[PDB]
Amino acid sequence: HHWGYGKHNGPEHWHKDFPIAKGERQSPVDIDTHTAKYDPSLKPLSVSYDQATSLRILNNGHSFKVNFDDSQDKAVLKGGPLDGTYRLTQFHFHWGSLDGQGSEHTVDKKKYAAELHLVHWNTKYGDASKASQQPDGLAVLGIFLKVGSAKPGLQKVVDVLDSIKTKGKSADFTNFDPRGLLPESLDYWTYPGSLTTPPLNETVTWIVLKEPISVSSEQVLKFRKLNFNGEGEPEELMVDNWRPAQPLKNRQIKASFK
Ligand SMILES: NS(=O)(=O)CCNC(=O)/C(Cc1ccc(O)c(Br)c1)=N/O
Ligand SMILES: NS(=O)(=O)CCNC(=O)/C(Cc1ccc(O)c(Br)c1)=N/O
Ligand code: NA
Ligand SMILES: [Zn+2]
């Protein structure tokens, strides 16, 4: 559809094409750290990315996305709130026009410069399409970016963005190691939610890491040179491609840590 992030087609309009936008399990949310409860029943979280096979990087007009070979269990997420095995299929980012906005989730109303989403599907459903329609079909590992020191493991991403400036452009992006995007700690919050983009399916278990990664000003500036538009269309910078916090409704956010 013709959805985006501007005044005329942004988050406040999405519900007309996607009525679930006003649903009971929408994402992102504000994470009230004082209301979230430590849950001793959460099993250890396992991020097993050694065997990841990145493939290409694409500007799809909404973000940039790195896809992975998810034809076998290579790079997988298990444990924590999850039952079974979830296979990494892609990552992408959301970011702002200024260093003080850009994240989708917020922490005690704090907005970060950007947010990384590592998207995984439950292998019990066989493919990512079928999984996208199940209430336990998807798991997104969310990681905040704050501006400070450079993140070396982000630099290869940063350096290819020039080659995918406009919507529809892709490039090779093999041999990228997503472990380089993680913070030290795997402490997290978890809640049941949705895709934060149309079609807004209520099929995601969210796992949001507490520790942000630090990226440099120069790194995030390069995100902001991307374009929402296609080649030889007029320039609209790809910035502020984030959905704001949605009503929590009757959900509980659980913490993995005391
Ligand atoms: N390796 S890939 O080709 O990038 C994988 C593409 N699929 C995915 O990201 C997903 C989640 C998803 C993303 C956007 C959507 O609109 C819907 Br619905 C589901 N699969 O469920
Ligand atoms: N934000 S999310 O809840 O983690 C998962 C939903 N969003 C995304 O995957 C993306 C990249 C993307 C956008 C449209 C697509 O058709 C496909 Br495929 C991937 N957002 O820009
Ligand atoms: Na960090
Ligand atoms: Zn996302």
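Numbers in chain A track Swiss-Prot; the residues on display, in order, are 3-260.
Header entry for method reads X-ray crystallography, 1.4 Å.
Cβ coordinates come from backbone N, Cα and C, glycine included.
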Phosphoserine per Swiss-Prot (candidates: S43, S165, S219):
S165
Select, from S105, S172, the one residue given the annotation phosphoserine by Swiss-Prot.
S172
According to Swiss-Prot, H94, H96 bind Zn(2+); which one of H119, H122 is annotated to that same site?
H119
Candidate with sparsest Cβ neighbourhood (10 Å radius) among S172, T198, the listed recorded positions:
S172
Candidates near ligand 4 among the recorded positions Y7, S165, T198, judged by a Cβ under 6 angstroms:
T198
Checking your reading of the structure: which of the recorded positions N62, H64, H119, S165, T198, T199 lie inside a 10 Å Cα sphere centred on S172 (phosphoserine)?
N62, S165
